[PDB]
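Residue numbers (the entry's author numbering), protein chains in the order written: chain R, 2 to 141, 149 to 229; chain V, 465 to 514; chain C, 465 to 514; chain B, 366 to 415; chain A, 2 to 110, 118 to 221. Step one of this worksheet: look at the structure below.
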Amino acid sequence: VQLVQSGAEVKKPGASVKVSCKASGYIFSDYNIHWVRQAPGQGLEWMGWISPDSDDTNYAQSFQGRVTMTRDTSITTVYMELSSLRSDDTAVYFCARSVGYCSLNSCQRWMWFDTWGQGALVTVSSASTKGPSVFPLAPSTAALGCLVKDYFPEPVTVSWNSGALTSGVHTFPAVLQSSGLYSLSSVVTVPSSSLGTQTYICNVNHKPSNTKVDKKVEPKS
Amino acid sequence: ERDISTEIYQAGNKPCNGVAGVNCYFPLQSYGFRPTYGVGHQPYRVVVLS
Amino acid sequence: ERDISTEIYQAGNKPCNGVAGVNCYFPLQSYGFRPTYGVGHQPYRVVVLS
Amino acid sequence: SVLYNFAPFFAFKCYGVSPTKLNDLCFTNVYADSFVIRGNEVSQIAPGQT
Amino acid sequence: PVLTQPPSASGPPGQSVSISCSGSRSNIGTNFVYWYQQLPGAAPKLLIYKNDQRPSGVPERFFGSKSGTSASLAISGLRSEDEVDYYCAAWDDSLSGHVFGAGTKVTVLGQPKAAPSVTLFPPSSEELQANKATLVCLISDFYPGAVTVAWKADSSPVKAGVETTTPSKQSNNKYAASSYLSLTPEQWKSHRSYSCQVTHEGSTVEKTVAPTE
């Protein structure tokens, strides 16, 4: 069985996300879907469960109207509306196929979650909308980097000269600041044989913007 | 009579007011209703009339 | 009922009436009492009433 | 009552006659035997389990 | 509230490691407690249900138990796949909601101390022609993460709108951090020298780059 769903990128708070954990590989008349988010580091926050035969749903004692679950029969999915998103619960959402059907509040003693589908990374914060920007990095053998600034939405694909000449790439994390922008870096561990005789080209391809930018390194000594 | 019991029934000597597992059990146990079972293990729906 | 074993158990076709081999292992396997294993791995005293 | 003054047991899980009414239920014959085994198979000493 | 768990109940291989799941009076003691298994950066799964039996494909060696106020899970032997996370879940009547664990990480008995390789990279000539000067410096190939980055511009240490990140995890079990700034070009031309101070354990490694290099 599988529990595939769509994926939502980063967005400004004050909106409503929408994902649909599709019930495929099994008949959807004898199971329940439980929703819980996994915050990085700290514990798990459980929302509730739905019913196929009915909207007979039970909500948590922490969130009442900020999260709403509704279902459908022909498409056989589940639709959520998360009104008034805040920037303190950046977590990935999981749908779990649990055995057992109950409608009362005194049932939770004998059922468990069997299979957990892969999550949809969802997170709350504002962001820029335009494409990335590749800036060259001067070398200090000698190694030169590839600086990428203000790329949204995450992630991006980095290709060194469209894969024609790459060697010893490095992966770096994203820095954090209050401006809401993120930056990426990538330096190649190249020897001193190709420093000024052969130039190095770094390209970043972005799918939402459908555009690319190029750098022009100018080493000096 | 109608009885709604949520506390733990004690089956030993220690007071099982809120602790269960060592000598006391939960009095409510759910039915095992599997469609792959036999005829004698099927959920029959019954009504009274007095 | 209970059965006891004096001969060496044979898992194939090999004469083993007091000798070991590639398949003529002893019918008893080592267990070991060490106070460094888990709580579940610790031995338990169990009695049964018929 | 001698089966209760020897601390809280590890597990009193059993299926059969309730021990709270065994003082008046006289029986014909009864046998007892005890052994030591790994704690991963102590919950598997039950009727209808392999 | 949330269940109480140790932060990191590690254990050397070759013996058994025990982990406890202690909650409250109504949390564990009247309802059956559960144990879940999660891979690092992946979806979780059930580990023991009903404290006595296991699903198919789960090894027989794994075992759990309950006492009346806390739960005990017993495992023996650690390998390269035994650094996964272990969570404990329970339910109660007071809150009417599922409460998971706090998070416990177990590790075997990890690289020793070393010397970081600071790579101070000056901004390119293209950047200097765009009325900006991105003063960056990077470090790589050090373990563990104890680098205290600082600035010594030889005239005045001033910080404004920095972009400093923690050393993350690479693909070769190494760490790498970043400390960036999109400084004004006149401030960088006002400084005749630049060398970000990188120190790990005392044996610091420093690299300097001239404005004309």
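We put the beta carbon where it would ideally sit given N, CA and C, even for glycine.
In the DSSP assignment, A/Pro175 falls within the unbroken beta strand (DSSP E) covering 171-177. In the displayed model, B/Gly404 falls within a helix according to three-state DSSP. Interface residue (Cβ-Cβ distance to chain A less than 9 Å): V/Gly502 is not classified as such.
Residue pairing by DSSP places R/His214 opposite R/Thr219 in a beta bridge. A Cβ-Cβ separation of about 15 Å leaves R/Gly188 out of contact with R/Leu86 under the 8 Å criterion. The C-alpha of A/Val155 is placed about 18 Å away from the C-alpha of A/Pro165.
Below the 7 Å Cβ cutoff, chain V contributes no neighbours of A/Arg55, its closest Cβ being approximately 19 Å away. C/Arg509 is a Cβ neighbour of B/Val401, given a cutoff of 9 Å. Close to chain R, meaning a Cβ-Cβ distance shorter than 7 Å, are the following residues of the stretch 484-501 of chain V: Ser494. Straight through space, the alpha carbons of A/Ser73 and R/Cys96 are spaced by roughly 28 Å. Your pair R/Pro133 and R/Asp158 checks out as a contact, with CB atoms roughly 7 Å apart and the cut at 8 Å. According to the DSSP assignment, A/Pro193 belongs to the alpha helix (DSSP H) that extends over 193-198. Scanning C/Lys478, C/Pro491, C/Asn477 for the CA closest to the CA of C/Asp467 turns up C/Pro491.
Between A/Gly69 and chain B, the shortest Cβ-Cβ separation is below 9 Å. Where A/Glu135 is concerned, the enclosing alpha helix (DSSP H) starts and stops at 133-136. Between A/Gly169 and A/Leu143, the CB-CB gap reaches or exceeds 9 Å.
For C/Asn487, the number of other beta carbons within 10 angstroms of its own is below 16, and it is reported as exposed. For a Cβ distance threshold of 7 Å, nothing in chain C lies close to A/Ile20: the least Cβ distance comes to about 10 Å. Using a Cβ-Cβ distance cut-off of 8 Å, the stretch 154-169 of chain R and the stretch 194-214 of chain R are in contact, since at least three pairs of beta carbons, one from each stretch, lie closer than that value. Listed in chain order, the non-local C-beta contacts of A/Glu84 below 6 Å within the same chain comprise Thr108, local neighbours out to five positions each way being set aside. Straight-line spacing of the CA atoms in A/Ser71 and A/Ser23 works out to 4 Å. With a cutoff of 9 Å on beta-carbon distance, R/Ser175 and R/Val195 are scored as not near each other. Between R/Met81 and R/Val93, the C-beta spacing is not below 9 Å. Taking C-alpha positions only, R/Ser30 is separated from V/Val512 by approximately 29 Å. A Cβ-Cβ contact shorter than 9 Å links A/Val34 with A/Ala90.
CA-to-CA, the gap between A/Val59 and A/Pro2 works out to about 31 Å.
When beta bridges are read from the DSSP output, R/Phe114 appears opposite R/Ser99. B/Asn405 places its beta carbon less than 9 Å from that of A/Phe64. Distance check between A/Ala185 and each of A/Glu194, A/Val206, A/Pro193 places A/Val206 closest, using alpha-carbon atoms only. In the three-state DSSP reduction, R/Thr69 falls in the strand class (E or B).
At a cut-off of 9 Å between C-beta atoms, C/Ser469 does not count as an interface residue with respect to chain B. Burial is judged here by how many other beta carbons sit within 10 angstroms of a residue's own beta carbon; R/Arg98 has at least 16 and is buried. For A/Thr173, the CB contacts under 7 Å within the same chain, skipping 5 residues up- and downstream, are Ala185, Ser186 in chain order. Contact check for R/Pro227 against R/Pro140 passes: the beta carbons are separated by less than 9 Å.
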